[PDB]
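To keep things clear, I will list the structure first and then write my remarks on it.
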Amino acid sequence: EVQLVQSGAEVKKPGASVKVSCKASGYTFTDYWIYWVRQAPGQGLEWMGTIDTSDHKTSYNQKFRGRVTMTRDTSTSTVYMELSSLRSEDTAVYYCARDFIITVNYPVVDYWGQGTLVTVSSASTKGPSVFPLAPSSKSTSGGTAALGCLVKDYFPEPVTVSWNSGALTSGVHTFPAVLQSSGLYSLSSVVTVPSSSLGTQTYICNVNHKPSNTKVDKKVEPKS
Amino acid sequence: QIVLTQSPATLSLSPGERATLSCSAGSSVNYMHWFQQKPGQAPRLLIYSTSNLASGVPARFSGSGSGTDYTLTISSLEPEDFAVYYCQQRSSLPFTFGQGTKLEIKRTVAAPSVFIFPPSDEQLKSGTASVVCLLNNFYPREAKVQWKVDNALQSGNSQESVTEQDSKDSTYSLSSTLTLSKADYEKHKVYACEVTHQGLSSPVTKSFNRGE
């Protein structure tokens, strides 16, 4: 089986460098070039460059101005991409991909790594504060109400959120995080429930921010 | 430095219909590649050198075009085909991608279910107030959320977040969060979120009075 396996997520300060690995297996490493593409959150695709795994020839996107260096180790079938002098706008998922030659006798068989998230920020690791999005006390015999929790001011990504230890899943919406002007992330998770049982059913949002080893369970209920 | 312009930005169709996606290059290229991308996944090559199917790609995908104008056609759409599609040229360095076309599922109009949430007393102690307006399970994606504080229109102090199109009911959900200092928050009374959407015959306003 062909596999391209990349190194794990990175968090870096501006000015530092990052070196991402792309480990190839299941085919003849020196028979295919490898190239790299990145994608900033919510944005499109940007080609970074390519490397010949046989003789170390390279070509790069000159927009990176010599900050990108691609290398390869035949002893370990690994390609590396180093991006130097990092800036906040380099925050992106970085992908390696096996190149292809369009003039082959057979259909191209396409293979990609799983991607590596690189976060570039001056922010420090911080666990979130978790605040209730409280439902209206207003109840009806068969109406519904929304409630949720606001998971605010954490760094870096990611956080996970479940409800009632995973027992409550249908109608849960956990929104994509937004990056605030402070450099800290915030998101909300909500769920729709019957309004008639808000006083007797317990709704708990389970928040886990592994980078800060923060685990919080927050009960959400009508105010006053 | 060859610019690839894709159109339309979003394409809304139902399963079984036929999708036509366009890619226009700013100068001529010898061929065009096409990639598919689903949320949380790497891009996947579908068509190479304008018309050739990558290994394992089903025959309902076909590509055509020449010069500066290329097309990806997807017949009898399956649910697995709704995704973002990127064209790529490799005729001139640096290789460049189009900005992408989102192919999303068309369904009947669904009005949002709208809720407003005041800041918690716990957060207020910390010196900030977040007010949240929630729009649940609506279609189409287009929606306007307007914040007013004592009838003053708020600009620049809210952020919106939207879910991916739901795999089961094909709807979107949206949160808009208005952030104020505690100082600013305690100076005003009426907090209101007004939602405009095709499924609402007139805009829906949810509001509360601070301290009530």
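The way I read the labels, and the way they are meant: chains A, B, ... in the order of the structure tokens, residue 1 as the first residue of every chain, and ligand 1 as the first ligand shown, with later ones counted on from there.
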
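All residues within segment 33-118 of chain A that the backbone DSSP calculation assigns to helix (DSSP H, G or I) are residues 62, 63, 64, 88, 89 and 90 of chain A.
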
Within 6 Å of chain B, which residues of chain A come that close, and what is the closest atom pair and distance in Å for each? Count only C-alpha atoms and give it as a tab-separated table.
```
residue	atom	partner	partner_atom	distance
A:44	CA	B:99	CA	5.6
A:61	CA	B:94	CA	5.4
A:107	CA	B:55	CA	5.1
A:108	CA	B:54	CA	5.0
A:109	CA	B:55	CA	5.1
A:133	CA	B:117	CA	5.7
A:175	CA	B:163	CA	5.7
```

>> So that I can check the surroundings of residue 212 of chain B, please list as JSON, numbers by chain every protein, DNA and RNA residue that reaches within 12 Å of it, counting only C-alpha atoms and ignoring chain neighbours fewer than 2 positions away.
In response: {"A": [136, 223, 224], "B": [118, 189, 190, 191, 207, 208, 209, 210]}

>> List the spatial neighbours of residue 178 of chain A as a VMD selection string - criterion: any atom at most 12 Å away, only C-alpha atoms, same-chain residues fewer than 6 positions off excluded.
In response: (chain A and resid 41 to 42 150 to 158 184 to 188) or (chain B and resid 158 to 162 175 to 177)
